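Trainee: Here it is, the structure in full.
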Amino acid sequence: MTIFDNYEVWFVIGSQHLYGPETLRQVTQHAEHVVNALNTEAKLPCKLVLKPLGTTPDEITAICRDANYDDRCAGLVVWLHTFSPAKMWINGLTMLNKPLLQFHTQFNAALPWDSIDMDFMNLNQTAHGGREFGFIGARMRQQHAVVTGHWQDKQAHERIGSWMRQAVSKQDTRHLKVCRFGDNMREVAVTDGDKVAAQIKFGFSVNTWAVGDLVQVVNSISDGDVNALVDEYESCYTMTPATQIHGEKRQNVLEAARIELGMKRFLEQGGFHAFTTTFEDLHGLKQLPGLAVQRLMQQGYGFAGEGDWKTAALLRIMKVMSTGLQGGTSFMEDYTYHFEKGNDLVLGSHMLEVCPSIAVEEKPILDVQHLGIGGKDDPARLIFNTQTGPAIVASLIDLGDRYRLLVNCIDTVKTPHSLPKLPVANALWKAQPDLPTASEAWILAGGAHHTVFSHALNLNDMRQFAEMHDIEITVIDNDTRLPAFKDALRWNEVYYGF
Amino acid sequence: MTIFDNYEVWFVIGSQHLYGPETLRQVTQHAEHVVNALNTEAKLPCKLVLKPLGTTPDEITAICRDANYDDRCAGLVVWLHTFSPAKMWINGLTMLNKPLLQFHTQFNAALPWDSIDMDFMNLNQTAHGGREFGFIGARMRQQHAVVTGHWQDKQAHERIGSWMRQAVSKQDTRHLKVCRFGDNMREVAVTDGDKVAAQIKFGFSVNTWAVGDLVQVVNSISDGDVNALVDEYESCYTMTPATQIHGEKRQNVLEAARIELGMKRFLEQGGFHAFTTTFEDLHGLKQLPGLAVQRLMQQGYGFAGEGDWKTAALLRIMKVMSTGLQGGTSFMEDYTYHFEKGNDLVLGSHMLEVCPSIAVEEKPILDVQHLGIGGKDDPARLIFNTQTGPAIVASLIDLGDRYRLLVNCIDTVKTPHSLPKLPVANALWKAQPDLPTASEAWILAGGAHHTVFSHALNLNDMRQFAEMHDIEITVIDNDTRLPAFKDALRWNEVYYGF
Amino acid sequence: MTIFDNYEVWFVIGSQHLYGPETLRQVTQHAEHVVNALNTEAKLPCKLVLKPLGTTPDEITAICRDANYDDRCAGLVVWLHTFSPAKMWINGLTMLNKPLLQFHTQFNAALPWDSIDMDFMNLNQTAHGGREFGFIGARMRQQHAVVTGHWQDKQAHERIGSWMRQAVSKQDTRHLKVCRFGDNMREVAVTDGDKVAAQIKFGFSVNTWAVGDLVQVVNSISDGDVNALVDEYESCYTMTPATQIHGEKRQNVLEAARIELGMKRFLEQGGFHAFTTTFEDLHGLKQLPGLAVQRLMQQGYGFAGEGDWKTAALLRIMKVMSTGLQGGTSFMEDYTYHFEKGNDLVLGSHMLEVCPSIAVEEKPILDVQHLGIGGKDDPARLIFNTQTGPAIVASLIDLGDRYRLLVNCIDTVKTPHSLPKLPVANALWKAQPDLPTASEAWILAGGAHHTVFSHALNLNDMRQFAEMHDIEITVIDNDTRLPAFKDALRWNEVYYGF
Ligand SMILES: OC[C@@H](O)[C@@H](O)[C@@H](O)CO
Ligand SMILES: OC[C@@H](O)[C@@H](O)[C@@H](O)CO
Ligand SMILES: OC[C@@H](O)[C@@H](O)[C@@H](O)CO
Ligand SMILES: OC[C@@H](O)[C@@H](O)[C@@H](O)CO
Ligand SMILES: [Mn+2]
Ligand SMILES: [Mn+2]
Ligand SMILES: [Mn+2]
């Protein structure tokens, strides 16, 4: 059971009652056959539910009405099997608050040249029926996705499935709750913003609980539960000598477990899906949460450092978005560079909190070392290298009047040498198209230092994400050239500045 | 003594070389005479400094250059004694970061009918010289204030002085720092916003320090200093029996003094000018700051409850703005109503924090009692009635893309019966034009529940404030009618929403 | 020697206090090392001055305050060595009137894989520090240039230096003064415009002096000075028989020298940097200034014919811009075409005034002949061919509501046959991508017939010029295709037409 089992997409057939109380039977039989075949074979993210034929205005209005009400309904995929006059859809589409995709398909794939007749033409007419429907969407300026192809086409399945994924993500995000432990790092701009605007736009909520509230729960955790979690550490991780029994930093490990159990309890009891910390407010805590945050991230929680709620929310969103796909997704920060002709690399990390979902090593190292920042005890953390392959780094920024999604396509590479003195985990990558252009484009477009790294999700996923939420996507990849990149920033500014 | 002594306004004379240098000698003489007479007699908020004549482009550019550099320079008041071709001012006005007012005046009041000749016409030509200058301001869309009248006109003095007041306020606000003790009350919208946008727009800064940081300073205060402050309470205030030496709530008074001294020390050492608290985060504190906050407000600090930084900043701004005026400016909240035909009243207060600067009684009551909200010890507070007369309540709200200043003209009235069971101070007023229309207009325009109350400042002061900062002012007063009020909201929306 | 020695660029280091003051000691050491190495080796247009570290809000505000005041300060190049919270920069950046470039660099080139630790990570973090700064620029919509690369990278030096060039040009242009001798040619549109708008936008001034004023100065010049200048003509130029001592046009040469000396004196005494003439107003002059204008242009003065102040100003700007580059920038006009398959050429000239800075021959011809236009004596001029190689032609036009910079990349070629009957100098070129498309794109975009020709400057220089001044650049080159060219015109129209 995943989150995707809590949702469904409605397969709605468009037609007319003009028509034949057979002829509609025939269309219904096609729809049932198609929907069943897709549910069984297509391997889509969630289940398609065939609804009664939309043949009259009140029927179509009813379906849209029901669609809005049903919390499991993540969207509609519409097949206009016959001509289905678009005025019939207006009242329904006007009220519809769930996303919609037209599957511009057909029954048959080969054209029956020798048998095709008016009867066939009067029943199988998606060719024009789908265009009349396309008009009303474009006329109303509604965000209607469209996928053309035969219903057995596996390329079409992929694209439909990809859209269904975004549909689910949009619903989930409307219930996403962020818990902040303290405010933003002082004097920082990018991590700030308008929480009210975010909730209006995306539907996720951001509210702060005092660090003291958390401390109370952490201090209530039993010694038995703390010891039990430490046993799970030793089975999961490669424990350094200082971390072992009789180690000089053994107590720092127990306390790390205490913080993890307290945070987890607090999060679960509050029904939270993501959270933030701030090293400038850790009163009552023995150490900056490190290990705790990493395992919580791995368990699916969203997170970002120094009160960065936008990225924390984004992490959760993308983690949920990537369900059932191969690869990890993590909080990330651009730490330092390697300048070398033809091999410019970016080293990515954070103070402590890097998610092991992107780790290569079956067993990360668990270590305790000094962290000056925050002025607390030596915190426990997981140290590891990042897996190799294509990835993206994404940043959602608040431009004051609107949001911008920056997405840089990257390629993670293996470290050319060990990092024996680096007490934190690392990601290492080549930024497309190259480091100077990638960094400059990002800086020109105002992208944050905090990002969401992912192997699981790609540029196409984020394009659809940005469309779904009607925000600017700023793309930085192999095709990026600065002059054209700047033109687009300007032309988008006047478009989205409406 | 005051902050106004830390600023000056530059009196700049506009002219040219067409008829000089004995004509220019005459202009300089007029300027010195005028400026001296104004500084001595006019009673303006701060000092006027006469600068060298602006007669060439490089001279005028130099003056503007110097004006930007001098931190004491709050603005320019320009007298165009002769014709002063406006292109000479362009390069200077383009770089100028300080506000500007044209004093459209004349040396002589009466026109010398029997002696007037070309020499006089060449020397005293503000009539047209001031209009050529007006064009360049309007052409560049710069916010140029203008006041017309003879330089000895006391009505003109008032208006010039009123502008100088706003000039000073604008500079001061650029160094205004807000210290938040904890975040916003959870789930609240109007008190939230974009701190980055605020600092870009107004120049004031808002950053959060952990309640724990404050607690450390409060816990460090000497017992001797605590006792000394309690002695000043007894001399200043009417102490209730429970508050006296052998009182059952005597210890709650000492702790209130402890919190005040700790907050004051923290504020002073950080160079802060305003602050906020939140009852949802009081870990380490014995009680919600009440008495402390009230005396700090009286001493000139800005404040608002539940992390409301906009109103806290606004309070400080308006407190500083009202320097030398017959006083009384306070944090305020609309608590409850009195519905009665011909006598609809609004009772204003806050859980604890009402500023005694607006008090009528020379000696407020200093009581201690139960406050459930926050779940802390019974906090000390000052109880008092509010003075009678014309006042305003002001609210600055963040509309997401821009700011709106709401200002409701009111009239405070004496309570028709005492409030013996109300453990907090009170303000009681009639809202112009009437309660239903005043409340509705406010609600329609999204005004906060938190406001800044003032006897000292009026609608005209706030109009100039809103002009100075280029924000919408939404006026609610005796002349307010809802249809026209709504029209203005719409027409301003498209204007300020460029 | 040069104007670039009258300016400097401030190298400002961004940091904070989170880990200091030995970390800050290290940053200061890097900055001093870097700045010294750049000043000595990098060969930048002007000197870099290292300023004290920007670590607090008031420090950064102070630097920006000082930057605006210092007339030698042409701009800031900012290196965010460590994380430097962007709200600290807001108050400073809001007041800043000088251009800014982020040098997104790093002290080390190679990443020390075997030694890298938290200390190194805390000290060398431009990777993220530069992105938090990028946000605030993008958020405020300020024109912040960005260059990424290692500080010893010579490609990065070039780009930084190229930006510094534009920085200097922007300051210089704010003091640029144009002297017009008479008004525009009657009935002409493109050479007209709004001088007030130009001065507001670019800072250069345009004012008209009567031809009579000039005539008075030309008539005052000594016979001795006239003869001395004629001696320098004979040493500099190849004198045609008619131009020699007993030549029939010898007296026309003396008068040409008289006009040159008078114009030069008038220009120098007025502090002018560019000028215009009009053949429709030459009362009191013996001939249309030709030779005089050509040598004045060579000596660095801006010029354009028939009262064309925009191009005259542009010539000066680009001449100053090209200081220290392999030279040749001139006033130019498209005179006639050569239509031939695979060899379409444009012949460029003007009635008299072509700058010998672009000449190939070390000694131009100095002839005298008949010019009907203007109806004056036969004027002296320099005749020469133009050098071979890549060039640009640039035109700044006033669209009424805004400015457009047209830039056509060209390639000058050697004349395939001599021009024995052409009494003026010539430039001959191939217009990219071809003549029909180049001419059509230019005409569609409203480009003037008057242009500034340059070998010294290229498309990249002008792109940065247009960014610096926030105007549309319309590019016509090998990559130009009309459909896409038209799309860009439309999309830019709505952007720049806010
Ligand atoms: O320069 C002064 C000017 O010439 C006279 O005041 C004019 O009358 C103004 O139009
Ligand atoms: O939760 C209630 C709220 O905290 C109080 O009513 C405040 O006085 C509102 O500002
Ligand atoms: O103030 C420094 C800051 O705390 C660190 O560099 C963070 O990692 C930036 O997000
Ligand atoms: O009247 C014609 C015109 O004056 C000449 O052709 C110029 O060379 C055009 O710039
Ligand atoms: Mn971080
Ligand atoms: Mn309140
Ligand atoms: Mn011409």
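Method of determination (from the header): X-ray crystallography, 2.3 Å.
Including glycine, each Cβ sits where the backbone N, Cα and C put it.
Found this in Swiss-Prot, in case it helps:
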BINDING   B:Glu306, B:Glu333, B:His350, B:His450  Mn(2+) binding site
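Mind running through what each feature is packed against?
Mentor: DSSP classifies B:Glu333 (Mn(2+) binding site) as strand under the three-state reduction. Around B:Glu333 (Mn(2+) binding site), the same-chain residues at least 6 positions away in sequence with a Cβ under 8 Å from its Cβ are B:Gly305, B:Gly348, B:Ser349, B:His350, B:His449, B:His450, B:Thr451.
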Trainee: If you run the three-state DSSP split on B:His450 (Mn(2+) binding site), which class comes out?
Mentor: strand
Trainee: Around the Cβ of B:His350 (Mn(2+) binding site), how many other Cβ atoms lie within 10 Å? Please give the count over every shown protein chain.
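Mentor: Excluding its own Cβ, the number within 10 Å is 23.
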Trainee: Which one of these binding-site residues, B:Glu306, B:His450, has the sparsest Cβ neighbourhood, judged by other Cβ atoms within 10 angstroms?
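Mentor: Selected from the binding-site residues B:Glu306, B:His450 on minimum Cβ neighbours within 10 Å: B:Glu306.
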Trainee: Suppose the Mn(2+) site is B:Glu306, B:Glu333, B:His350, B:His450. Which further residues of the same chain have a Cβ inside 8 angstroms of that site's Cβ centroid?
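Mentor: Counting only non-site residues, the set is B:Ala304, B:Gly305, B:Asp308, B:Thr311, B:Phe331, B:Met332, B:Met351, B:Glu353, B:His449.
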